[PDB]
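Peer 1: Next up, input22.txt (compact mmCIF, C-alpha atoms).
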```
# COMPACT_ATOMS: atom_id res chain seq x y z
CA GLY A 1 0.00 0.00 0.00
CA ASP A 2 2.61 2.53 -1.12
CA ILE A 3 0.44 3.94 -3.92
CA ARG A 4 -3.35 4.24 -3.83
CA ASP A 5 -3.95 5.03 -7.52
CA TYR A 6 -2.38 1.88 -8.95
CA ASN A 7 -3.77 -0.44 -6.29
CA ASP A 8 -7.42 0.61 -6.31
CA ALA A 9 -7.58 1.38 -10.05
CA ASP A 10 -5.60 -1.46 -11.64
CA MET A 11 -6.27 -4.13 -9.01
CA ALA A 12 -10.02 -3.42 -9.00
CA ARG A 13 -10.04 -3.63 -12.81
CA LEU A 14 -8.29 -7.00 -12.38
CA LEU A 15 -10.62 -8.17 -9.58
CA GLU A 16 -13.62 -6.70 -11.43
CA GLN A 17 -14.62 -10.21 -12.56
CA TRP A 18 -14.41 -11.56 -8.99
CA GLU A 19 -16.40 -8.63 -7.63
CA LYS A 20 -18.97 -9.20 -10.37
CA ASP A 21 -19.34 -12.82 -9.25
CA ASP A 22 -19.73 -11.75 -5.60
CA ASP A 23 -22.19 -9.04 -6.66
CA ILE A 24 -24.47 -11.27 -8.73
CA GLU A 25 -24.13 -14.01 -6.11
CA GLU A 26 -24.99 -11.62 -3.26
CA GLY A 27 -24.11 -14.48 -0.91
CA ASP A 28 -27.46 -16.22 -1.43
CA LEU A 29 -27.15 -19.94 -0.68
CA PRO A 30 -29.00 -22.19 -3.19
CA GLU A 31 -30.37 -25.60 -2.21
CA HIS A 32 -28.95 -26.94 -5.47
CA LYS A 33 -25.85 -29.06 -4.84
CA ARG A 34 -23.74 -30.75 -7.55
CA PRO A 35 -26.27 -33.25 -9.05
CA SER A 36 -23.44 -35.49 -10.25
CA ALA A 37 -22.65 -38.00 -7.49
CA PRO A 38 -20.21 -40.10 -9.63
CA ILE A 39 -17.40 -37.62 -10.38
CA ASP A 40 -16.24 -40.25 -12.91
CA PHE A 41 -18.40 -38.46 -15.52
CA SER A 42 -16.17 -35.36 -15.50
CA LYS A 43 -13.16 -37.41 -14.40
CA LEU A 44 -13.08 -39.65 -17.49
CA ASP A 45 -15.52 -37.92 -19.86
CA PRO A 46 -16.57 -40.94 -22.04
CA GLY A 47 -15.87 -39.03 -25.25
CA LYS A 48 -18.56 -40.99 -27.09
CA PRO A 49 -20.84 -38.28 -28.61
CA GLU A 50 -24.13 -40.06 -27.83
CA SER A 51 -25.77 -36.76 -28.78
CA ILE A 52 -25.44 -37.81 -32.45
CA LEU A 53 -27.38 -41.02 -31.73
CA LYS A 54 -29.98 -38.94 -29.90
CA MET A 55 -30.06 -36.47 -32.81
CA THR A 56 -30.24 -39.09 -35.58
CA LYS A 57 -33.49 -40.65 -36.81
CA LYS A 58 -34.54 -42.77 -39.81
CA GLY A 59 -35.39 -40.70 -42.88
CA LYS A 60 -32.16 -39.92 -44.70
CA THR A 61 -33.41 -37.84 -47.64
CA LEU A 62 -29.88 -36.81 -48.64
CA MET A 63 -29.58 -37.12 -52.42
CA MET A 64 -26.85 -36.37 -54.95
CA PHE A 65 -27.92 -34.25 -57.93
CA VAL A 66 -26.13 -35.94 -60.82
CA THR A 67 -26.39 -33.87 -63.99
CA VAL A 68 -25.46 -36.64 -66.42
CA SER A 69 -26.62 -35.73 -69.92
CA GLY A 70 -27.07 -31.98 -70.31
CA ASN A 71 -29.06 -32.87 -73.42
CA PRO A 72 -32.91 -32.63 -73.66
CA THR A 73 -33.31 -36.38 -74.33
CA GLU A 74 -34.29 -37.81 -70.92
CA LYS A 75 -33.54 -41.25 -72.42
CA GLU A 76 -29.79 -40.84 -71.83
CA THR A 77 -30.23 -40.09 -68.14
CA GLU A 78 -32.75 -42.91 -67.66
CA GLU A 79 -30.52 -45.41 -69.47
CA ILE A 80 -27.34 -44.56 -67.55
CA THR A 81 -29.20 -44.25 -64.22
CA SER A 82 -30.84 -47.66 -64.71
CA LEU A 83 -27.41 -49.08 -65.59
CA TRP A 84 -26.16 -47.64 -62.29
CA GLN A 85 -29.29 -49.01 -60.60
CA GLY A 86 -28.17 -52.37 -61.95
CA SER A 87 -24.47 -52.28 -61.07
CA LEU A 88 -25.06 -50.75 -57.62
CA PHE A 89 -27.75 -53.23 -56.56
CA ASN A 90 -25.62 -56.03 -58.03
CA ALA A 91 -22.78 -54.71 -55.85
CA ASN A 92 -25.13 -54.95 -52.82
CA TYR A 93 -25.51 -51.16 -52.79
CA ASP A 94 -29.25 -50.73 -52.25
CA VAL A 95 -29.85 -47.01 -52.77
CA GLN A 96 -32.68 -44.79 -53.99
CA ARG A 97 -32.49 -43.32 -57.48
CA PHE A 98 -35.04 -41.10 -59.25
CA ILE A 99 -35.04 -39.09 -62.48
CA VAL A 100 -36.55 -35.67 -61.74
CA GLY A 101 -35.25 -33.18 -64.26
CA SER A 102 -34.40 -34.62 -67.68
CA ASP A 103 -30.66 -34.04 -66.98
CA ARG A 104 -30.67 -34.48 -63.20
CA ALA A 105 -30.48 -38.00 -61.75
CA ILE A 106 -30.90 -37.87 -57.96
CA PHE A 107 -29.26 -40.62 -55.88
CA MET A 108 -30.80 -40.64 -52.40
CA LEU A 109 -28.61 -42.56 -49.95
CA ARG A 110 -30.01 -44.45 -46.97
CA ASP A 111 -26.35 -45.00 -46.05
CA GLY A 112 -23.34 -42.71 -45.73
CA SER A 113 -20.07 -44.60 -45.24
CA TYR A 114 -19.57 -45.25 -48.97
CA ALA A 115 -20.97 -41.87 -50.08
CA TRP A 116 -17.72 -40.88 -51.82
CA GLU A 117 -17.26 -44.48 -52.98
CA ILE A 118 -20.51 -44.52 -54.97
CA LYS A 119 -19.83 -40.89 -55.94
CA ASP A 120 -16.50 -42.11 -57.33
CA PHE A 121 -18.28 -44.87 -59.25
CA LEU A 122 -20.51 -42.17 -60.78
CA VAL A 123 -17.75 -39.70 -61.76
CA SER A 124 -15.57 -42.64 -62.84
CA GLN A 125 -17.04 -42.14 -66.34
CA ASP A 126 -15.24 -40.10 -69.02
CA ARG A 127 -17.95 -37.42 -68.99
CA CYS A 128 -17.55 -37.11 -65.18
CA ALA A 129 -20.88 -35.23 -64.94
CA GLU A 130 -22.03 -32.87 -62.18
CA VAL A 131 -22.47 -34.75 -58.90
CA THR A 132 -23.60 -32.32 -56.18
CA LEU A 133 -24.99 -32.93 -52.69
CA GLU A 134 -28.32 -31.65 -51.38
CA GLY A 135 -27.34 -28.51 -49.47
CA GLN A 136 -23.56 -28.55 -48.98
CA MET A 137 -20.76 -30.89 -50.08
CA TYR A 138 -18.94 -32.03 -46.93
CA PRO A 139 -16.67 -35.15 -46.92
CA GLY A 140 -16.46 -34.97 -43.14
CA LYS A 141 -13.55 -32.69 -42.27
```
In structure tokens, what does this structure look like?

Peer 2:
Amino acid sequence: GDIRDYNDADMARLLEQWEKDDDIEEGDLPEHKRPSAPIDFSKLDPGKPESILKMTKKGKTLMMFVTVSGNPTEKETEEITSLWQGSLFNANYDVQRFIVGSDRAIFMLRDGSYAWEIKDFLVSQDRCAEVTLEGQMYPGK
């Protein structure tokens, strides 16, 4: 306590957060104790994001908009998409495929793991074609 100015000013500005806590607390004791009896929850923290399982539900309407032809004749898209419908199902890849938009073949996946795998199979053709995802195109990270 050799200098008032620095102490009160700077130290209060530093302790401001602590004083704020004390001020909003006002020393009122709540009946609410730590509800977690097994500290092991915060001790270990399982890491398993169960939230995803709680957030997920059946009804994966995620499709890939595959602009195959680019030519008015819907035939081309139907032919190639039915060929894919063959090969995929023959490869045990049971997926949903519809032709809405003469050029746009939509592949709706009930799965996800092999999303880029089937996508690869699609773009594996010389033409490549436009294969977009409903919404955004995210591989994962």

Peer 1: Show which residues sit within 9 Å of stretch 122-136 of chain A, as a VMD selection string. Count only C-alpha atoms, and ignore same-chain residues fewer than 6 positions away.

Peer 2: chain A and resid 61 to 70 84 104

Peer 1: Would you mind listing what lies within 12 Å of residue A:91 as a ChimeraX atom specification, with only C-alpha atoms counted and same-chain residues fewer than 6 positions away left out?

Peer 2: /A:84-85,117-118,121

Peer 1: Return the single residue from A:25, A:97, A:41, A:3 that is closest to residue A:83, with distances computed using only C-alpha atoms.

Peer 2: A:97

Peer 1: One number please: atom CA of residue A:106 to atom CA of residue A:138, in Å, one decimal.

Peer 2: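 Between atom CA of residue A:106 and atom CA of residue A:138 the gap is 17.3 Å.
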
Peer 1: Of the candidates A:9, A:44, A:80, A:88, which one gets nearest to residue A:105 if we count only C-alpha atoms?

Peer 2: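 Looking at the shortest contact to residue A:105, the residue is A:80.
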
Peer 1: One decimal, in Å: what's the spacing between atom CA of residue A:93 and atom CA of residue A:56?

Peer 2: 21.5 Å

Peer 1: Atom CA of residue A:17 and atom CA of residue A:29 are how many Å apart?

Peer 2: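 Taking atom CA of residue A:17 and atom CA of residue A:29, their separation equals 19.8 Å.
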
Peer 1: From the options A:39, A:19, A:112, A:33, which residue's atoms come nearest to residue A:140, counting only C-alpha atoms?

Peer 2: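 Ranking A:39, A:19, A:112, A:33 by distance to residue A:140, first place goes to A:112.
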
Peer 1: Return the single residue from A:86, A:72, A:59, A:139 that is closest to residue A:109, with distances computed using only C-alpha atoms.

Peer 2: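 Using only C-alpha atoms, residue A:109 sits closest to A:59.
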
Peer 1: Rank A:115, A:2, A:81, A:110 by their smallest atom-to-atom distance to residue A:95, using all atoms listed in the file, and report the top residue only.

Peer 2: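 For residue A:95, the nearest of the candidates is A:110.
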